[PDB]
Structure formats: C-alpha cells, structure tokens
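See below for the structure under consideration.
FYI the Cβ positions are ideal-geometry reconstructions off the backbone, even for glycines, and counts take in every protein chain you see. The numbers here are math on the coordinates, done by the rules we state, and not lab data.
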Ligand SMILES: Nc1nc2c(ncn2[C@@H]2O[C@H](COP(=O)(O)OP(=O)(O)OP(=O)(O)O)[C@@H](O)[C@H]2O)c(=O)[nH]1
Ligand SMILES: [Mg+2]
C-alpha cells in the first residue's frame, strides 16, 4: 500500500485531535481532553489513482519545543500546522512550530490551517494572515464543526506528494456486506440499549 | 517595561552561592528508567540545604519519578519546585502515576511549597487528578504562588482545581493558618465558561489574591461577568491579565463595574478582548472615576474606533504614574493617530503610548591597429617572427610602439603570457642586434611613452603599465638586454608616480629583478 | 583594579589599591578606545558582547578568565549608551548571568558568577538610581554575601557596597516610594547583625560606606 507519515502540530486547544476524529469517525468531540504525547491515527482515502493512507501523528501542543520531541518528526513527509482563528496568541506561535518542523525535516509540504472559522467573534482575519506568504505554504480556513474545507489540507498534501495536480477523491470501493449474523445470547442486551436510545436527545444546536 | 526589572530583582533576590537552588534545566535527560536516574538521585542526596528544585526540559518516567520521590522523602526544607515541562513525550498512562508519586513523596517529606509551578506540562483532567492529592494535602497550606500556565486543563480540570482549592482553604482555616494565595497563573487552558466560573467561585472565598492571569482561555462574557464579580471582592488585586478572551461589550461593562471599586490595580491587559468601542468608553469612565497607581493599560486589537480611543486617552492622561498605554491594532484613522498624539502631548507624558504601527479605517597590421588578447593567439606560432618581421626596427620609436602594442594585451593566462613573452624576445633580439640602433634612445622613448618621463613634444601617455612592466621584467632577464640600461630602469621605476602605484605587484617584481642584476 | 597585600613597618597587612601603575594605564587606554568605538556604533558593540555572553552560557567557551574579561569589557562602556539602550542591555546581560549562575555547579563557579554580576551592577550607577527596588535588592544581596566564608566573597561585597554607596548616596537618606523610613535607618538599626562575620578591615570599609550615606 501507500503510506505518508503526516505530522499534525499546533498549539493546545486548536482542534488537532477534533480534526482527526471528525475525519476518521465523523463525530465531534466537544470536550477538551488534552492529548498527551503523540497519537497515531490512520486515515485511508480513495482517489482516482488508488488508495492512500495518512498516518497522522497528532502531537500535543501543550509541550515545549526542542529535541525532546524530535522523535515525532523523524522521517516525516508532510505537516499540518494548525492555529485557532479566534485566538491571536495561537497564531503568534505558528512561526515557532514551522521553525521546529523545518529544523528536523527541511523541505516537506506544510499546510497552515486556521481552525474555528464558524465563530462570529473572529480575531485573526484573512488580511492579517501574512506568515504563509513569506514562506511557501498553503493556507486554508477549516472548521471541524461545520465541515468547511475540512478535507482540503489532505487533498493538497496528496496532490503535492503523489505528483498529480489533477488528483481528486473518488467515491469509494464499497461492496455488499458479507452476510447477516446475530448472536441471540446478547440480543436482549441490544434491545435494552434501544430502550435508552429513545430517552436521549440528539446534539442539535 | 517595569515588569522585566521587577522579575530581574525577584530573580536576583533568590540567588545563593551555596545551599540553595538545584537545577537540571536544559539537559534533555530522558529519565526513562530507575537506573537511568542514578546521577540525578545521587546529586539530590548530596545537597546540604535544598530550597528549590528545577526539572525543566527533561522527561521523567514512572520509575524515575518513583526514585526521585523516594529521594525527596528526606528533604524537609524544600520550599519551591519549578517542574515546568518535565513530561515531554510521555503518554496518558505514565503522567498521573509519576505526578501522584511525586506528590506522595513531597507530602511524606513534610515540605511547605511556598511556590508550585507546573507550566507547559500536558496534564488535562488526568494530570489535574494526579496532582490534586498534593494540592489538597498539608504540603500546600502555605502555598503563595500556583503557576499552571499552559497545562491544558479544560473545563473538567478547572472544576477539579477549583474544588481542590476550596477544600485546601477550608482545611487551612480549620488548622489556623488559612491558605493565602497571592499569584495565580492559569493561562491557555480553555476554561471557557464552566472552568472560569468555578475558579471565580474559588477566588471569591480567598480574599488575598494579588495577581491573576487567565490569557487565551476562550472565555466569553457569561463567564467573564462572574470572574469580574469574583475580582470585586479581592481588594488587593494588582495585576489583572485577561489577554485574548472575548468580552464583546457585556464583559467590558462588567469589568468596568468592578474597576470602579478597586483602588490598587496597576496593570490591566485586555488585548484581543473585542471591546468594540463601547466597553472602551465604559472602561474610560471607570478609570476616570479614580484609579491611582496605574502603570500599564493594554487595549490593543480591541476593534476600538476613533472617538472611544480619544475618550480613553483623555481619561487615562489624568493618571500620575502611568508608564505604558497600548492601542495598536484598533481601527483608528491616520488622522486619528495624529489627534491621539496631540492629545497625549497636551499632557506631560507625550510618549507613553506604544507604537501605532498597525491600524485600519596579412592580419598582423589589423591586430596592431586595435590589439586584443585573443587576436594574438589566432596568429599561432607565426606570431613569433611575424611581429618581428613586420615592425620596422631601424627607428627606435617604431620598436617602442610595437613593444607597447604587443604588451598591452598581456594577461596572466599561461598560454597568452608565453606568446607575448616570446614575441617580445624576438622583437628585441632583432632590435638590439642593429648597429644603427641606439639603446639609450629606445629606453628614453619607452619611459616617455609610459609617462615615467616628460618629453619636448608631449606624447600622450598610456593608462595601465601592468603589461609593459611585466614585459620589461621578462626582458631584463634575457641576455640581449644590455647591462647598462638596468640603472635607468631602476631609477625611473623607483621614481614615485601615480601611474605606477596602480600596479604595485608588477612594479615590485620588476624592482626585484632589477636588483638581482 | 590592582590590589596588593602589603604589610607596613608595624606588621599590619592591608590591601592597597595601586592607582597610577602601568596596568591601570593599559586598562584606561583600552576603555577609552572601546568607548570611542561604541560611540561610533553602539549596536555592534552590544552585538559582540551579547554573542560572547551566549558563548559563555552554552559552555562552548566557558572559563573563569573569559567571563572576567567579558564582564570587565561590559563594565568599561558604562555611560556610552543612551539611558534606554543601557537599560535594555543591562536587563539582558544580568538576566543571562543570573540564569548561568544556577546552571553552573560548585561553590567556586557560583562565587565567580556572583562577583561578576556585582561588578557589572556597581559599574552602572545610573541604572540603580533609576530603579529603587533593584537597588534595594542588590544592597540586601550584598549584605547576605557578608556572611559568606568563601574566600574573596566578603571582600567583593564590601567593594561593591562602597562603590554603590559613593555613587548612589542620596537614595538612602531620602524616603522612597513605598518606604515608610529611609534605608539608612534600616541599615543602622541592624548593623551588628551585618558586620558580625566581617574581619576588622572589612568592618572599617563597611563603616566608611555607611558614612558616605550620612554625608
Ligand atoms: N466552535 C468550534 N469549536 C471547535 C471547532 N473545532 C474544535 N473546536 C473546539 O476546540 C477544542 C479542541 O479540542 P482537542 O482537539 O481535543 O484538543 P487539541 O486540538 O488536540 O489541543 P491539544 O490536545 O492540547 O493539542 C474542542 O473541545 C472543541 O470544542 C470548530 O470547528 N468550531
Ligand atoms: Mg490534542
């Protein structure tokens, strides 16, 4: 198969883990559970050129920089630097993360992602985002909540790595299910869950 | 910035030549095993009096944490512990255990922990649970500073920390020495509203706070109102840092309400707080109402408009000890900046405000005619005698002209220089073996043309003498050159002249060659 | 400075400060040259000193004589910068030196670093006069070094204290902001606890320094 170790780096409370979870499960973890160390998540995409896999190393933004965490960056092939649109303090740290990345992996596709663009009180604006112009980066506004350009970073990274500018995602190679199987031993238990399922409201905003 | 000098004085006050702080900062030790921490434990044991322990920039595993806690068990005079960023790289199954072990070690030791710093450690609710045991215990009744900057606690962590602080205060009051927190630094933890309200409730119990930092907590107005109400109770507040939150307009009004009743605030950082030019007016009124001892006030990037900026400037000017005002980033017109500067200079300060740098609103004759280095080469070996034959050597003037033309294209390239030198040798060999040819006349004309000597009829001199000097240097070493013209060349080459100092190397080499003979 | 231990005709060893020797002349010439060059361009001199200080902290060039030379060079250019540039430069230098003091282990290394910090502080009286909290902290730290039995620490403390008293004598008698009483009263009230561990000549120096604050 094809694997592209991707490194997801950004200040604490920006949405890296939420971004990865929304990509691999579709849920929306609205609780802030700080990621400790690094978490490896495989995302399998299908494109017109076949299947690809991104091993997203979601790193912790609460840690400091330096060599103590260079183990994350070893043999990296693409990076996503994520900053929070509704916080300028998080945007001020993008240069530090870029420096830390390029210290270990010199030339790699790096994508800047401005998260949380669905909130009305927006501090960082499209005019003030000037860092990506000095370097050679691609800047994208994303929102893991409303699903706004939430797959553009992966598409751009795949385009730059595979080498096909006209690459785009195809639907899926989904085939019929194998067969219906049930276990009467636990069947009753399943029914109980339904008895509780109707007693809770959907997370509707 | 008075803050920098205050920090410098504080750091100076706690430097000792012996029996003081023990540090491991900037060593990147990966204490991944009990044995791997042998040096650290051995150094900790061999310390007479311990009053501070820094473990910054390291990686403490579970086993190393247990060993270090066992070592700390002995130290009973410990009073501070800066543990900033000592878990870089550890997973979720290894932080709470290490933190609990360290807390138990300190508790059994019987320390006092005048300061407890855990900044830059990725804790979350798990780490908060880990060190809650230490926070509640008797080891933190005397605690005076609790820095948790960038711990990434969150809502649950904030609630747990607030509960722990309340329980610690209750126990301390029961004992007889109530907890008196002075500095609380919990920034960049996303305490958005539940954590912020819980910590405001915790503050309301403790009336001893002096500094409170909560930058970049994603707090909105519903929590900021409660935080302001909690601040109102504390009358000794000195620094109120809430940079990069979202007050909108209700939050700013609530903050002005409390600022009215506080008479010792010295620093007010509200940058990136989206005050929106109405809360700016409210804060201006509050500060005008009386707020001495104010030294700093930051409202940068609050989207303030021109009129509100002028109002706040006018209100602030009345302050006596003002030392810094920031309004950069506000939507002030270009004329607005000039008006603000004029208003400020109307007072004594006139320079207190920070820079407003971001605002919004057959061919031998042909060659001889124009000699060139490449044209000489094209003649090949024929150039050795073609130049000699063509030139009329009866009259020394033509010999000198030919010599100068040949040597003008002289270059250090090996092939060119050899051709030039052999051509010169042939030309002079044919010239010097002529009875009707006076050598002194040739030398005088050569000196005249090079500009080293003057003439009855002023013949215009040449620009560069490098080529002629190199050719002369080569010629002096040949046999046909008379041994009587050496003194004349020596005298007129040692003769000072501007045209000669341009080419110092050729002149020096020629002089050395002349002094050889 | 050139300090010589000399015993007079009565067998009393004293520290004499040679004043107009050849070494003092050499130092004065070097100081004058460096001050002229700093006036020509202060940014470059600040950059050179900062680079050398950084080479000291990282350890790639650490040495007692190197640090002493760097601190003498830093102290020689006092008064050659505007007040704000000098303030920023001093904050940077002193912060870095304090950071290096904890890093280095051993009593001798810490003593050398503290002596250098105090020498630098005593050579910039304008910075001390501008800020009162820092001056008071420095004076208290000097009083703490007077109980240090390590060789050369009490002498350094006494020399720095007499320099600070001579240069900033008017900030002790007058009442400062946040102080209910003058600092001279505080020093005089508890003076037997400060000179308890000093040798007699160091006690004489301390009395002279306190006297400069009473005139
Ligand atoms: N309104 C809004 N909130 C978001 C959005 N995306 C993420 N968030 C919030 O941001 C928080 C991010 O939490 P996490 O992703 O788990 O934390 P993190 O990004 O990994 O930060 P660290 O773990 O410290 O590295 C979540 O609790 C969400 O509530 C968004 O698109 N819109
Ligand atoms: Mg995370």
(request) For residue B:63, indicate whether it is surrounded by fewer than 19 Cβ atoms within 10 Å (Cβ to Cβ), closer than 22 Å to residue B:37 by Cα and more than 14 Å from chain A (Cβ to nearest Cβ). (result) no
(request) Determine whether the range A:67-83 contains at least one residue that is away from ligand 1 (no atom under 15 Å from the Cβ), part of a strand (DSSP E or B) and surrounded by fewer than 21 Cβ atoms within 10 Å (Cβ to Cβ). (result) no
(message) If residue A:28 satisfies all but one of (1) more than 12 Å from every other protein chain (Cβ to nearest Cβ); (2) within 16 Å of ligand 2 (Cβ to nearest atom); (3) within 26 Å of residue A:96 (Cβ to Cβ), what's the number of the condition it fails?
(response) (3)
(request) Give me the pairs, please: first residue somewhere in the range A:9-20 and away from every other protein chain (no Cβ under 11 Å), second residue anywhere and assigned to a helix (DSSP H, G or I) and more than 6 Å from ligand 1 (Cβ to nearest atom), beta-carbon distance under 6 Å, and either six or more positions apart or on two chains. (result) A:9/A:97
(request) Give, as residue ranges, the strands (runs of 3 or more DSSP E) completely inside the range B:205-290 that count at least 1 residues that are under 20 Å from residue B:158 (Cβ atoms). (result) B:211-213, B:239-241
(message) Restricting to the range B:159-185, and then to whatever is touching a strand residue (DSSP E or B) at 6+ places or on another chain (Cβ under 7 Å) and in a loop (DSSP other than H, G, I, E, B), can you tell me which residue is surrounded by the fewest Cβ atoms within 10 Å (Cβ to Cβ)?
(response) B:182
(request) Just name the residue that is surrounded by the most Cβ atoms within 10 Å (Cβ to Cβ) out of those in the range B:97-129 that are within 14 Å of chain A (Cβ to nearest Cβ), within 35 Å of the chain's Cα centre (by Cα) and more than 16 Å from ligand 2 (Cβ to nearest atom). (result) B:118
(request) Could you check, for the range B:5-16, whether at least one of its residues is more than 13 Å from chain C (Cβ to nearest Cβ) and either part of a loop (DSSP other than H, G, I, E, B) or surrounded by 14 or more Cβ atoms within 10 Å (Cβ to Cβ) (or both)? (result) no
(request) Consider residue B:75 carefully, then state whether it is outside any helix (DSSP H, G or I), touching a helix residue (DSSP H, G or I) at 6+ places or on another chain (Cβ under 7 Å) and away from chain A (no Cβ under 14 Å). (result) yes
(message) assigned to a helix (DSSP H, G or I) and either over 19 Å from the mean Cα position of the chain (by Cα) or on the phi > 0 side of the Ramachandran plot (or both): which single residue out of C:113, C:48 fits that description?
(response) C:48
(message) I'm trying to understand the selection: among the residues of the range B:198-215, which are in contact with a strand residue (DSSP E or B) (Cβ under 9 Å, 6 or more places away or on another chain) and within 13 Å of residue B:232 (Cβ to Cβ)?
(response) B:203, B:209, B:212
(request) Scan the range A:31-60 for residues that are within 14 Å of chain B (Cβ to nearest Cβ) and more than 9 Å from ligand 2 (Cβ to nearest atom) and jot them down. (result) A:31, A:37, A:38, A:40, A:57
(request) Kindly indicate the residue of the range A:117-136 that is more than 14 Å from every other protein chain (Cβ to nearest Cβ) and crowded, with 17+ Cβ neighbours inside 10 Å and also nearest to ligand 2 (Cβ to nearest atom) among those meeting that condition. (result) A:117
(message) For the range A:10-22, check the following and say yes or no: at least one residue is in a strand (DSSP E or B), within 15 Å of ligand 2 (Cβ to nearest atom) and out of contact with any helix residue (DSSP H, G or I) (no Cβ under 9 Å at 6 or more places or on another chain).
(response) no
(request) Please go through the range A:62-88 and pick out each residue that is within 21 Å of residue B:26 (Cβ to Cβ) and either within 16 Å of ligand 2 (Cβ to nearest atom) or touching a helix residue (DSSP H, G or I) at 6+ places or on another chain (Cβ under 6 Å) (or both). (result) A:62, A:63, A:64, A:65, A:69, A:70, A:72, A:73
(request) Considering (1) within 22 Å of residue B:22 (Cα to Cα); (2) surrounded by 15 or more Cβ atoms within 10 Å (Cβ to Cβ), say which one residue C:159 fails and leave the rest. (result) (1)
(request) Would you point out the residue of the range B:131-155, among those that are within 14 Å of another protein chain (Cβ to nearest Cβ) and either surrounded by fewer than 19 Cβ atoms within 10 Å (Cβ to Cβ) or in a loop (DSSP other than H, G, I, E, B) (or both), that is nearest to ligand 2 (Cβ to nearest atom)? (result) B:152
(message) Can you confirm whether residue C:141 is within 19 Å of residue C:57 (Cα to Cα) and either within 11 Å of another protein chain (Cβ to nearest Cβ) or surrounded by 20 or more Cβ atoms within 10 Å (Cβ to Cβ) (or both)?
(response) no
(message) What's the total number of residues in the range A:23-48 that are surrounded by 13 or more Cβ atoms within 10 Å (Cβ to Cβ), away from ligand 1 (no atom under 12 Å from the Cβ) and part of a strand (DSSP E or B)?
(response) 4
(request) Check residue B:194 against each of (1) within 12 Å of another protein chain (Cβ to nearest Cβ); (2) surrounded by fewer than 22 Cβ atoms within 10 Å (Cβ to Cβ); (3) under 23 Å from residue A:83 (Cβ atoms) and name the one condition it does not meet. (result) (3)
(message) Take residue A:114 and tell me if it is within 14 Å of another protein chain (Cβ to nearest Cβ), within 16 Å of ligand 1 (Cβ to nearest atom), touching a strand residue (DSSP E or B) at 6+ places or on another chain (Cβ under 6 Å) and at negative phi.
(response) no
(message) With the requirement that a residue be away from ligand 2 (no atom under 16 Å from the Cβ) and buried (at least 17 other Cβ atoms within 10 Å of the Cβ), what does the range A:103-116 give you?
(response) A:104, A:105, A:108, A:109, A:110, A:111, A:112, A:114
(request) Assess whether residue A:196 counts as being in a helix (DSSP H, G or I) and out of contact with any helix residue (DSSP H, G or I) (no Cβ under 7 Å at 6 or more places or on another chain). (result) yes
(message) With the condition being loosely packed, with under 13 Cβ neighbours inside 10 Å, I'd like the helices (runs of 4 or more DSSP H) fully within the range B:399-505 carrying at least 2 qualifying residues.
(response) B:414-432, B:486-493, B:498-501
(message) Just to verify a result, which residue in the range A:142-182, among those that are surrounded by fewer than 17 Cβ atoms within 10 Å (Cβ to Cβ) and within 16 Å of ligand 1 (Cβ to nearest atom), is nearest to residue A:43 (Cα to Cα)?
(response) A:151
